[PDB]
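Protein chains in written order, with the authors' numbering: chain S, 18 to 187; chain X, 18 to 187; chain Z, 18 to 187; chain H, 18 to 187.
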Ligand SMILES: [Cl-]
Ligand SMILES: [Cl-]
Ligand SMILES: [Cl-]
Ligand SMILES: [Cl-]
Ligand SMILES: [Cl-]
Ligand SMILES: [Cl-]
Ligand SMILES: [Cl-]
Ligand SMILES: [Cl-]
Ligand SMILES: [Cl-]
Ligand SMILES: [Cl-]
Ligand SMILES: [Cl-]
Ligand SMILES: [Cl-]
Ligand SMILES: [Cl-]
Ligand SMILES: [Cl-]
Ligand SMILES: [Cl-]
Ligand SMILES: [Cl-]
Ligand code: NA
Ligand code: NA
Ligand code: NA
Ligand code: NA
C-alpha cells in the first residue's frame, strides 16, 4: 500500500504492532507462551531481511534515538466539510466522484475543495530500530520470566506510534 | 482469542474493521476498485454463515439500532501503578510474574494489587447489524459511482467502535 | 452541566484532569514549582468539601479500587448517519432541528432516527478516590524532589480516564 | 504556557476548542441557547484583537486552506522507557530529578537518556482561520435554526485538531 504521494507503507510493521498489542494482553490473560509466540512473530516481521526497510522511511522526521528512523505503517483520511447549500454541494461531490473513478488524486482534492471539503492525510509511524529493540528485549524478559517488565516494553512500543497529519500536497 | 473472563472475541470482525478503514483510504487514493475489493472482504467476514456470531455478543449493552447487538472485536489492558518504594514493589512484581507463568488470572490480578497495580480491561466493540448495513450499503454506493457517500458510511462504521473499559472481576 | 438523562457532570473534576496534564508537562519543561501549583489546584478541586460528590457518581460501574466510584467529568455525542436520498434526509433533519429548538431531547433522538441518524453519548469518567490519591501522592513526591516518579502518577491518573459510550435511552 | 523550545501556546484557543465541544453537546441536549452562548465565547476567544496570534503559529506546517496557519493549543509528553536493571535506573532517574529541579531542560533530556528514557513532545494544533470560519458559520446556522448543520461544523472544527509528535531537540 502507498500514501497519497505514492510512498510505500509497511504492512509487515503494521501487523507487528498488532501482534505486540495482542502479546501484551496475553501476558495478563495468563497465556505467556501465546504472548511469546506473538512477540516472536512481531520480531520476525520487523527484522525480515528480504524487506527493503528504506522504502518505508519518512525522511523528514527525526527519531528520538540516534541513527533511527520513522517508518510508515498506515495512512488514513480526515475530511473537513464547510457548510454549503445542499444543491451546490451535491453538484461538487458528483464531480469529486468522477475524479476518484478516474484515479486522479490531484483532481479529487481539487473537486473536493470546490465542495467545501479539505483533506488531511494521517500517517501512522513507528521508530523502526527502537521498536525492534523493544520487541527483542521483551522476548528476552519473557525468557527470564519477567513478564510484567516485558509488558511495559510492549506498551512502550505502542506508545511510540505517532500520527503525522499533513495537508495533501500532490 | 478470549477476554479475561473467557468470552470469545471476533478476529474476523476485527479484520473487517481494518478492511473498512483501508477501503475508505483507497477511495481518496484514486483506487476505487481496490476500495471495493476491501469492502467486499469486510462484508464476507462480517456475514460468514459458518461463524456463530452469538459467541461474540456482549449481552449487557444496548445497541443503538433496535434488535442489534454489540460484539467484541479486541481486548487490551490498562494498568494504573501506585507509588511504592522500589524494594517492596520489585518483590510484589516478582510474585505477579509467577502467577502469570502459572496461567492464574485471578492470582495475577491479586498479586498486582499488592504491587500497587490496578488492571482495567478495554473491550473494543462494534454493533454487528449496523456495521453490516454500513458495509453493504457502501458497496452499493460504490457500484453506483457514489464514492464520497460510500466513504461517509465507512467512516460511520469506524465511528461506531466503542471501548468498554471495565475493572477486572474474575 | 448534565448528561442527556440529566445526571450532573463535574466541571471541577474536568478542570482537575486538565491541571494534572499541565502539571506533568511542566515537570519535563523545567518548571517544577509551576507543576506543584497546578497539582495543588487539582487537589483542591477534587477535594472541595462544599461539593456533593455523590451528584456525579455513575452508580452502575465498578471502580478498580475497593470502595471507590467513577464520576462523570464530560459528555459528548457520536452520530452515525445512514445513507438516505438527499431530499428525504433534508426533510427529516428539518424536523430534528425543530425538536432541538423546543428542548425536546426524546423528540430529537426520534426525529434523527427518521433521518437515518443514531446517537451515542460518550461519558468521560474518572475513579474519584484513586485520582485523589494519585494527585496527593504526586505532590508528596514533588515535595521530596522525586519529580519523575510524580510524573508517572500524574500519567496514571490520566490513563484512568475511561469513556462509557452508550446508546441514548431517554 | 510554552513548549519545550519556549514557543508560546494559546490558552485562549484551547478554551475555544473546549467551548466548541460543549456547544455541540448542548445542541443534542436540547439547550440550543446554551450552545449559542458557548460558540459565541469560542468566537470571542479565537478573534481577540488584543491577542498577537503570530506568537502561536507553527511556521513549518502547511495548513489545508490557502493562507491559513496552524497554531499551538497544548503540549504534552510521551516517554519511552527502555528496560534497565533496577539499580542502574534508579540512579539515573535521581540525576534526572536534579536537572528538573534546576530548570535545565536540556540536562533533563540527557539524564533521562542515561535512564533509558526517550522523550517526545506532542503539540496539539488547530488551523486558525479554518476554525474561526467553522465557529462563525456554526453560529450563523444556529441563528437560522439549522442546529444539526451547526453541529456538523463544530465537529469538523474538532476533527481539525492534529497532534505533531516530535523528538525533543533543544
Ligand atoms: Cl499460552
Ligand atoms: Cl540517543
Ligand atoms: Cl481513511
Ligand atoms: Cl473524516
Ligand atoms: Cl484500484
Ligand atoms: Cl432503531
Ligand atoms: Cl494490552
Ligand atoms: Cl497501561
Ligand atoms: Cl516554575
Ligand atoms: Cl482494591
Ligand atoms: Cl459533542
Ligand atoms: Cl460524531
Ligand atoms: Cl438553553
Ligand atoms: Cl484552499
Ligand atoms: Cl504531559
Ligand atoms: Cl508517557
Ligand atoms: Na495502495
Ligand atoms: Na486468548
Ligand atoms: Na447542561
Ligand atoms: Na510554561
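Each residue gets a CB set at the ideal place from its N, CA and C atoms; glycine is no exception.
Rounded Cβ spacing between residue 97(H) and residue 87(H) (contact assumed at less than 8 Å): Position 80 of the fourth chain, counting from 1, holds the residue named residue 97(H). Position 70 of the fourth chain, counting from 1, holds the residue named residue 87(H). Not really, about 25 Å apart at Cβ, beyond 8 Å.
Could you check whether the Cβ of residue 47(X) sits closer than 7 Å to any heavy atom belonging to ligand 3? The residue labelled residue 47(X) in the question sits at position 30 within the second chain. Outside the cutoff, so no.
From residue 126(Z) to residue 113(Z), what does the alpha carbon distance come to, in whole angstroms? Taking the first residue of the third chain as 1, we reach residue 126(Z) at position 109. Taking the first residue of the third chain as 1, we reach residue 113(Z) at position 96. The straight-line gap from Cα to Cα measures roughly 8 Å.
Length-filtered (3 minimum) beta strand (DSSP E) runs lying within the region 99 to 174 of chain X: 134 to 144
Tell me whether residue 161(H) is buried or exposed, calling it buried when 16 or more other Cβ atoms sit within 10 Å of its Cβ. Walking along the fourth chain from the start, residue 161(H) turns up at place 144. So residue 161(H) ends up on the exposed side.
Start and end of the alpha helix (DSSP H) containing residue 50(S)? Walking along the first chain from the start, residue 50(S) turns up at place 33. First-last of the alpha helix (DSSP H) with residue 50(S): 49 to 63.
Rounded to a whole number of angstroms, what is the C-alpha to C-alpha distance between residue 65(H) and residue 176(X)? Within the fourth chain, the letter at position 48 stands for residue 65(H). Within the second chain, the letter at position 159 stands for residue 176(X). So the two alpha carbons sit approximately 34 Å from each other.
Go to residue 182(S), then tell me how far its beta strand (DSSP E) extends in each direction, as first and last residue. Mapped onto the first chain, residue 182(S) falls at position 165. 179 to 184 is the extent of the beta strand (DSSP E) around residue 182(S).
Counting only beta-carbon separations shorter than 8 Å, does residue 57(Z) have a partner in chain X? Here residue 57(Z) corresponds to residue number 40 of the third chain, with the count starting at 1. Output row for residue 57(Z): interface = no.
Give me, in chain order, the residues of the same chain whose beta-carbon lies closer than 7 Å to that of residue 57(S); leave out the 5 immediate sequence neighbours on both sides. The count along the first chain starts at 1 and reaches residue 57(S) at position 40. Contacts found: 156.
With C-beta atoms as the reference, is residue 40(H) less than 8 Å away from residue 171(H)? For the purposes of this step, residue 40(H) is taken as the residue at position 23 of the fourth chain. For the purposes of this step, residue 171(H) is taken as the residue at position 154 of the fourth chain. Yes.
Which residue from 61(H), 90(H), 82(H) puts its Cα closest to that of residue 71(H)? Your numbering for residue 71(H) matches position 54 in the fourth chain. Nearest of 61(H), 90(H), 82(H) to residue 71(H), Cα basis: 90(H).
With a threshold of 8 Å between beta-carbons, can residue 41(S) be considered close to chain X, or not? Here the question's residue 41(S) lines up with position 24 in the first chain. Output row for residue 41(S): interface = yes.
Which same chain residues, not among the five before or five after residue 49(S), have their C-beta less than 8 Å away from its C-beta? What you label residue 49(S) is simply residue 32 of the first chain in a count that begins at 1. Hits under 8 Å: 43, 159, 164.
For residue 99(H), which option in 20(H), 136(H), 85(H) has the closest C-alpha, if you only look at C-alpha atoms? Numbered from 1 along the fourth chain, position 82 holds the residue referred to as residue 99(H). The shortest Cα separation from residue 99(H) among 20(H), 136(H), 85(H) belongs to 136(H).
Keeping to the same chain, check which residues put their C-beta closer than 7 Å to that of residue 19(Z); ignore five residues upstream and five downstream. Within the third chain, the letter at position 2 stands for residue 19(Z). Closer than 7 Å at Cβ, skipping near neighbours: 25, 26.
For review: beta carbons within less than 7 Å of any heavy atom in ligand 16: 176(S), 172(Z), 94(H), 95(H), 96(H)
Considering only the alpha carbon of each residue, which of 167(X), 129(X), 152(X) lies closest to residue 59(X)? Here residue 59(X) corresponds to residue number 42 of the second chain, with the count starting at 1. Of the listed residues, the one whose Cα sits closest to residue 59(X) is 152(X).
7 Å Cβ cut-off: residues of chain X touching residue 46(S): Counting from one through the first chain, the residue named residue 46(S) turns up at place 29. Chain X residues near residue 46(S): 21, 122.
Residue 89(H) beta carbon near ligand 15 (any heavy atom closer than 7 Å): If you number the fourth chain from 1, residue 89(H) lands on position 72. Checking every heavy atom of ligand 15 against the Cβ of residue 89(H), none is found closer than 7 Å.
Measuring only from the beta carbon, is residue 51(X) closer than 7 Å to any heavy atom that is part of ligand 5? If you number the second chain from 1, residue 51(X) lands on position 34. Yes, since a heavy atom of ligand 5 falls inside the 7 Å radius drawn around the Cβ of residue 51(X).
Is there a C-beta anywhere in chain Z that falls below 8 Å from the one on residue 177(X)? Counting from 1 along the second chain, the entry for residue 177(X) is found at position 160. Yes, because at least one Cβ of chain Z sits closer than 8 Å to the Cβ of residue 177(X).
Please list, following the chain, all residues that have a C-beta closer than 6 Å to any non-hydrogen atom of ligand 10. 130(X), 82(Z), 83(Z)
Who are the Cβ neighbours of residue 187(Z) in its own chain at under 8 Å, not counting the five residues just before and after it? The residue you call residue 187(Z) lines up with position 170 of the third chain. 21, 22, 122, 123, 126.
Closer than 9 Å between beta carbons: that is the criterion. Which residues of the region 105 to 119 of chain Z meet it against chain H? 110, 111, 113, 114, 115, 116, 117, 118, 119
Let me see if you follow: with CB-CB separation under 8 Å, is residue 173(Z) close to chain X or not? As a working note, residue 173(Z) is residue 156 in the third chain. Yes, contact with chain X.
Which residues DSSP lists as bridging residue 73(X), in chain order: One-based indexing of the second chain puts residue 73(X) at position 56. Paired residues: none, contrary to the question.
Test item: CB-CB of residue 36(S) and residue 55(S) under 8 Å: For the purposes of this step, residue 36(S) is taken as residue 19 along the first chain, with counting starting at 1. For the purposes of this step, residue 55(S) is taken as residue 38 along the first chain, with counting starting at 1. Yes, the Cβ-Cβ distance between residue 36(S) and residue 55(S) is below 8 Å.
Since residue 140(Z) contacts residue 92(Z) with CB under 8 Å, what's their CB separation in whole angstroms? Working through the third chain from its first residue, we reach residue 140(Z) at position 123. Working through the third chain from its first residue, we reach residue 92(Z) at position 75. Sure, about 5 Å apart at Cβ, within 8 Å.
Can you give me the start and stop residues for the alpha helix (DSSP H) that residue 26(Z) sits inside? For this step, residue 26(Z) is matched to residue 9 along the third chain. Where residue 26(Z) is concerned, there is no enclosing alpha helix (DSSP H), given that its DSSP letter is neither H nor E.
Using a Cβ-Cβ distance cut-off of 8 Å, determine whether residue 94(Z) contacts chain A. Included in the structure are the protein chains S, X, Z and H, with no chain A among them.
According to the neighbour-count rule (16 or more other Cβ atoms, all chains shown, within 10 Å of its Cβ), is residue 138(Z) buried or exposed? In the third chain, counting from the first residue as 1, residue 138(Z) sits at position 121. Under this definition residue 138(Z) is a buried residue.
What number of angstroms, rounded off, separates the C-alpha of residue 38(H) from the C-alpha of residue 30(H)? Position 21 of the fourth chain holds residue 38(H). Position 13 of the fourth chain holds residue 30(H). About 13 Å.
Check the Cβ-Cβ distances between residue 79(Z) and every residue of chain X, and say whether any is below 8 Å. Your numbering for residue 79(Z) matches position 62 in the third chain. It does: the Cβ of residue 79(Z) has a partner Cβ on chain X nearer than 8 Å.
So, is residue 147(H) buried or exposed, given that buried needs 16 or more other C-beta atoms within 10 angstroms? Along the fourth chain, one-based indexing puts residue 147(H) at 130. That one is buried.
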